[PDB]
C-alpha cells in the first residue's frame, strides 16, 4: 500500500510550486482572494522576504501541498493513507475531504497568524540522540521548562521551551552524542506549554468550523493513529501545544503494510525522516 506525506514549516523554499500555479489557475486565484496577496509571487519571488515567517509560510505550504496532491490524483492511483507534519495535517485533511480547499486555507491563515504572533521560548533540532536519552538529559540538567516538540525519527528530536535552557543544553547534548544541535529561528516555543494561550485562541476559532469524516484515513500527529471525525476539531488546537508523534505515525503505517511513502509537496524533508525510521524499524 501507499501513503502520502505532507511537509510543514522548514521545508519551504523560494521557487516552490512554480509549475502548479499555472496548472490550477482558479484555485491559485481563490487562494489570493483568501490571503490578500499573490501566492505565486510569495512562493516564486518572495519579494518581501516573508516566506520564512510562519504567518506566510503556512499558507504557502498549504497551497503547494494541496495543488501537489491534486496533480498526483490526476496522475496516479489514490493513496491508502495520508499523514502531514504539523501544518501538513491541514493538507492531509483537505486530501481526505474533511474540508474544502478554501476552508483549509482559512484555517491555516489563522493558525499562521496566531503562531507568528506568539512569543515566549525557542526551539532546537537535535540529531543523534534517541527520545529516552533526550528526556534523561533534560532531567539531569534541570531544564524544567523544556518539552519535546517533535519525535521525527529514532535519532531526530526537536525540543522546545525556555530560550535560556535551549541555549545552554547544547553543551550536555553534544557531550552525549548530538551530531547536530541547531537553535531554530522561530517566534516561540511551538509544541510546548508556551503555546497554551495560542491553543485556546485557535480552539475558539475552530468552534466555527465543521469537519467531515475522512474519506481516506489520516494519521494524527497527536495520537499517531487514524483521526476520528468527532475528535478532529479538538485535536487541531491541542496539536500546537503537543508533541508531533511523527516517528510513531510512520511506524504505525508500516505496521499496516504500507511499503511506499511518497512526499506530496515541495522537497524531501519527510522522505529523509522515513529513511531513518525504516532503517531502525
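The term rigid core refers to the maximal set of C-alpha atoms that superpose within 1.5 Å between the two forms. Positions refer to the first chain, counted from 1.
Structural divergence in 4 other deposited structures of this protein between 121 to 129 and 189 to 197: following superposition by the core, 189 to 197 has C-alpha atoms lying farther from the shown form.
When the other structures are laid on the shown form by the rigid core, the stretch among 211 to 219 and 58 to 66 with the greater C-alpha deviation in 4 other deposited structures of this protein turns out to be 211 to 219. Of the two segments examined, 44 to 52 and 208 to 216, it is 44 to 52 that shows the higher average Cα temperature factor in the deposited entry. Taking the PDB entry as given, 35 to 43 carries the higher mean Cα B factor of the two stretches 61 to 69 and 35 to 43.
Between the residues 133, 179, 85, 109, it is 179 that shows the highest Cα B-factor in the PDB record. Per the PDB record, residue ranking by Cα B-factor puts residue 117 in the highest third of the chain.
Residue 277: CA B factor in the middle third of modelled residues in this chain (values from the PDB entry). Sort the chain's modelled residues by C-alpha temperature factor and residue 129 lands in the middle third, per the entry.
The deposited CA B-factor of residue 232 belongs to the middle third of values across its chain.
Among the modelled residues of its chain, residue 89 has a C-alpha B-factor that falls in the lowest third, as given in the PDB entry.
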